[PDB]
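Worksheet: one structure, shown below.
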Amino acid sequence: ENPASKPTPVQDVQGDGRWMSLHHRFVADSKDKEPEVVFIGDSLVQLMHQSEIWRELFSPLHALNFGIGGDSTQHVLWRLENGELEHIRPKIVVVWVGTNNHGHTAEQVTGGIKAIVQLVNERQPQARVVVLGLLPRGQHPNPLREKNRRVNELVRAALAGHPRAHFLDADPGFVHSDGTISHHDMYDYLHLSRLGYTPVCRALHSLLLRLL
């Protein structure tokens, strides 16, 4: 198997069960709410909710945010199969995962992303699926930049022929001419500051408004 597309939960090796607590909260959310849009993915999705761009741009859309820090594609796949898509009928599902898939080749990660789109197409066939490109990372040029770039190419190629599947590259150009990423945009060269989220969320919001 491709480990990126084999659904599996995160095993708790620390002891406080926080991952499973989050999953259960999201399952409860889906059970009790009627979102038009659901966002699912890793910390880039999760921390988008810690506003203050979420309330102005995405709350009005009737959205649920199921981002979980540290998740790889297989974790998101498992969550979608194990309750987070139940009791809802969203118009759009936004997917943003793959940067945490350490140990998986770019091809494998792409396979994971395609599995997530397929699952969504099966369980929520009426929904359009938006997949965000993986952002660059690291202060200077490094292998993860090339990897994430390659994933984006392969995913873009994969979704090109997909009527209601949309690939969005939300990168406004975080990697500068000198090859650096500014801590003003990504405070730790991975997670986005408020300043970093602005153009990303702006790009997403526009697309969501078209589709909607």
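Numbering starts at 1 and runs along the sequence shown.
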Using side-chain heavy atoms (C-beta onward) and a distance below 4.5 Å, is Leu204 in contact with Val94?
yes

Would you say that more than 12 heavy atoms from the other residues, nucleotides or ligands in this model lie under 6.0 Å from the NZ of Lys147, or not?
yes

For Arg55 and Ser51, does a side-chain donor sit closer than 3.5 Å to a side-chain acceptor?
yes

Would you say that more than 12 heavy atoms from the other residues, nucleotides or ligands in this model lie under 6.0 Å from the CZ of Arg194, or not?
yes

I'd like to know if the side chain of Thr73 pairs up with that of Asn101 as donor and acceptor (distance under 3.5 Å, no hydrogens or angles considered).
yes

Do NZ/NE/NH1/NH2 and the carboxylate oxygens of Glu86 and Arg123 come within less than 4.0 Å?
yes

Which residues pass the ring pair (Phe, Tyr, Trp, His ring centres under 6.0 Å) test with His23, not counting sequence neighbours?
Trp78

So does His87 get a backbone contact from the side chain of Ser30, meaning a donor-acceptor N/O pair under 3.5 Å?
no

Using modelled atom types and a 3.5 Å cut-off, is there a donor and acceptor pairing between side-chain atoms of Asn100 and backbone atoms of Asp71?
yes

Answer yes or no: does atom CD of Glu56 have more than 12 heavy-atom neighbours from other residues, nucleotides or ligands under 6.0 Å?
no

Kindly write out the residues that satisfy salt bridge (charged side-chain N to carboxylate O under 4.0 Å, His left out) with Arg149, not counting sequence neighbours, or none if the list is empty.
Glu153

More than 12 foreign heavy atoms under 6.0 Å from NE2 of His49: is that the case here?
no

Taking only residues two or more places apart in sequence, or in another chain, which ones meet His104 in a ring pair (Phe, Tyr, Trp, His ring centres under 6.0 Å)?
none

Checking side-chain polar atoms at under 3.5 Å, does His176 have a donor or acceptor matched by the opposite partner on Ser182?
no

Taking atom types as modelled, is there a side-chain donor on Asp185 or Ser193 under 3.5 Å from an acceptor on the other?
no

Between the main-chain N or O of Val45 and the side-chain N or O of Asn65, is there a donor-acceptor pair closer than 3.5 Å?
yes

Would you list the pairs meeting side chain to side chain donor-acceptor pair (under 3.5 Å) in which at least one residue belongs to residues 6-15, sequence neighbours left out?
none

Can any side-chain N or O of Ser72 pair as donor or acceptor with the backbone N or O of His75 at less than 3.5 Å?
no

Apply ring pair (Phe, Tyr, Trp, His ring centres under 6.0 Å) to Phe66 and list each qualifying residue two or more places apart in sequence or on a separate chain.
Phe26

Would you say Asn152's side chain and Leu134's backbone share a donor-acceptor pair under 3.5 angstrom?
yes

Can you list every pair that meets side chain to side chain donor-acceptor pair (under 3.5 Å) and has a residue in residues 164-173, with sequence neighbours left out?
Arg128-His166

Has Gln46 got a side-chain atom pairing as donor or acceptor with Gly69's backbone, closer than 3.5 angstrom?
yes

Are the aromatic rings of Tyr197 and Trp54 close, with centres under 6.0 Å apart?
no

Nearest heavy-atom approach of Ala115 to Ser5 is CB-CB, 3.8 Å

Distance-only, no hydrogens or angles: does the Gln124 side chain make a donor-acceptor pair with backbone N or O of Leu85 under 3.5 Å?
yes

